[PDB]
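Same chain, two forms, each on its own as structure tokens: structure 1, then structure 2.
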Structure 1
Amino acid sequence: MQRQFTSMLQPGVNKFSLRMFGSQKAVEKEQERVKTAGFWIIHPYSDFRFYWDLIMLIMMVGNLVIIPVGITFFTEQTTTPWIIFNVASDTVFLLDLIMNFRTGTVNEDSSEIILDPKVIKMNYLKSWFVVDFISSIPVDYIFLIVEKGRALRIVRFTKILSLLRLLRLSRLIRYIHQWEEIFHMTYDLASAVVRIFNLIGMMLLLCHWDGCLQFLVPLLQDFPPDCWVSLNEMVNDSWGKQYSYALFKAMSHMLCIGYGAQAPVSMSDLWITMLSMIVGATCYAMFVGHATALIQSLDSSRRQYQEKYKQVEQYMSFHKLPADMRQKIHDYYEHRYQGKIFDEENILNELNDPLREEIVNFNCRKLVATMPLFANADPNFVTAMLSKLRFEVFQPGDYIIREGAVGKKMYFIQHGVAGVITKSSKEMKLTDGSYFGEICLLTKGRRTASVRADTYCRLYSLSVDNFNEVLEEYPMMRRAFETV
């Protein structure tokens, strides 16, 4: 018993707490910080608080559905099954209320959770305690036992007191918002998907309560001869037929499809219909808003590529380039980026050295390992040099190197067919894994032959400036290269 009884009320070492406090030593400091603070204090991130709030979510989603129906469509709440259900729930929500004095609290300051018991009690008794209190105690039964020391008046007034329980929706909202921030910090939740499912739960709950209110107001007026229950001649129907019609009216007002069987006739039905129409029209506008925010997040990568490309069309149309030249540019962007939008330089700068090294070795080691230098050189040298290679793409017919031009760069074939075209011989084809232009290294001069693309070529290259920038840090390899 005791070894778990103290262990449950303080932060366990887990994927949330290690990512939140930063290390097991920071978690174990926070465990010590509550274990010194007082008797039975509960940390906000504790497993006890998780499983307790999980019981509250089940308990509240039960109560906020059952209570409106029990008050509205049944004769009395004084029978044994209703006395049992209400005393069970009220004692549970009163245990939750006293635990909100022993539990700590978080803040936007991101500082360590406030865990002094007097600091918790003084903050709670100001912030939320009054709405938690009047909805925890059985205000209707404690009024009734006082009224026991006409009957058609006291029962009605009692039904109005019984609905003070619906303020438990504040706890449902609070406890949902607390655990969704904890799931964001652990399970990579999409914000728009979380947000729309919160609104869907509220729309169903408001539509259910409205579907009670539309019958409750006639009942509190003793079913006047001009209201919808009397006009539809269903005052004596079953509780399920009445609930189905009252929910159908509420949902019809919420979606603006119609009023029910006819438009309102009495003052009560006019003003309850208009309240329902406004709560509906606002929920549906907020739902169309959330559906739009969701849909605009889903294809964000496609969208950003379309916006990026359209600025190339603005550039080409400002410069008034001819349509065949625009087709080369359009075709180049499709081969180089393949509809994927990213920034290679920005992404590699925020990685660490081990991840940059691992991604570069995966991309380029199979291409470089065929070369006679890199087959013999040190691993701590080639892994440094591969980080300097720049990716390039060439279209068919383009010259990659021209004879007689100064050779500032040398290249490696990743994909496609190239052709060396010196006048001294028949043309030699080059293919994936081969390399060319190497005679630019550690020398100077014009290129001895031209090279051109016979198909879409995907290449890697490095400049003699970047090659020298590497070799300046590896003078032993510089001496080995200078020999041949």
Structure 2
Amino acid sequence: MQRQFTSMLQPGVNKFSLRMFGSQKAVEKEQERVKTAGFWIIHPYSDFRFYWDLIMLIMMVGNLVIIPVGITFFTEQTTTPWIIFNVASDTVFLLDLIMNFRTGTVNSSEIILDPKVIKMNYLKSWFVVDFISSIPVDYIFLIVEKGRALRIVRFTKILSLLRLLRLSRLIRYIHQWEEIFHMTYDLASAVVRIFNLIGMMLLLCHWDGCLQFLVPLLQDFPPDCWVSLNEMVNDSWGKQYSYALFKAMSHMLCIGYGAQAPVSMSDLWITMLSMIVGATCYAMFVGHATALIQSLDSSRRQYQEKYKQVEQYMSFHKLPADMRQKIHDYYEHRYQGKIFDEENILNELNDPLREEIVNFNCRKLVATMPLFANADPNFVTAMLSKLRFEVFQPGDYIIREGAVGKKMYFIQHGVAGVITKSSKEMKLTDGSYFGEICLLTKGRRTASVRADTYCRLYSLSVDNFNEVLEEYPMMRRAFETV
């Protein structure tokens, strides 16, 4: 399985990939480009790359949690298990760094050129930090020293703590992957952002906790510091760590100090720093929360806003209370607490989708009418698109006796009433339709129609009907029969 590896290195055909590039042909074309250099180049959007980054993340998170703690609360830093772990981690990071040269960079089209583009762009931006993070600097220093001891040890811990610069790399990895996920799974951005922030906060809190003890460790546990003053120098490491974290955490969430307000200058300064870091983090969190909340009820909010405009309009015109109430009722019936521009949405969609939607809505309404049963399907489709949805309140005249009816109505739904002088009253319900006589007559409507309950009609204007006919002359002729 030597070619398999190569294949993996190329960008695979996934849901994401298609969205990014297009069709499978496009993907293939991209792959061809990649295939110019053999075993030296890795495509950023590839599956192998993804796997590698996942691995890194798994390692990286652990390492970030571990490293500082290891440095602080374990005195014997030269013990076997620790050292082996460190070495392996370093190796992994070196490998990652190496990969980064071979990996392509997203911009615009992705640059797959190795010797000039990948090497120079990486070396001019992020390389140095990565290099620092990956390598075991402290160990190197120790080796150099080998080829005052307490002082050296103290120095070394600080050097080791340069391995926290992997965090930048981690962040970078996260960002790209999040972007990819957005393209793929349609994740809620707000949710993602807040989650990221939470993680960051946790990490920062941990670091602060470590640091608070770390400085004392560095300074040899002086008599006027928080570790010596609480009398927990020789206590179990875990307990100490917990205490430190608590101290840090309070500063993060604005609760208070540890045992006592700082005495030594250094300690005080550290506390202040933590507070600053804590405070800003909390602010950011609050902001994120606010954003999330706004996102969550957004549609609803929009509806309310829209309604407020109507209210304002009413106020401007100084309408009677009854009128206002009626309008409110209409709005409730008409839109059902929702906000959407129907027409705009339809425009945004393609034709087939639109047609499908219309069929779902109105095919049952128009098919029940005997005029459209014998007609051709295309004609029906054409008609249906034209139809315009309407609502009427109870005790409202839809059509009137003697007034010229510009449009005909199909009752999808609702309790209507046919007001006629000659024929008494024939109440109409869902499925019925009217204004049919006044289509090709081009005159005044005979009888009246009043809404008994709330109604949901589909209006069809005479002009629109004429337009529709314009395409189907045979159909028009047929209609003209009776």
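Each residue is numbered by where it sits in the sequence of structure 1, with counting from 1. C-alpha atoms forming the largest set that superposes within 1.5 Å between two forms make up the rigid core.
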Report summary line: Rigid-core superposed between structures 1 and 2, candidates 222, 358, 307, 116; the one over the 2 Å C-alpha cutoff or at it is 116
Query - Rigid core superposed: residue 37 CA moves 2 Å or more between structures 1 and 2 - result: yes
Requested in this report: Fit the two forms on their core, then tell me the C-alpha shift of residue 135 between structures 1 and 2 in angstrom.
Outcome: 1.1
Requested in this report: Look at the Cα of residue 76 between structures 1 and 2 with the rigid core superposed and state its shift in Å.
Outcome: 2.3
Query - For residue 167, CA displacement between structures 1 and 2 after the core is overlaid, in Å - result: 0.2
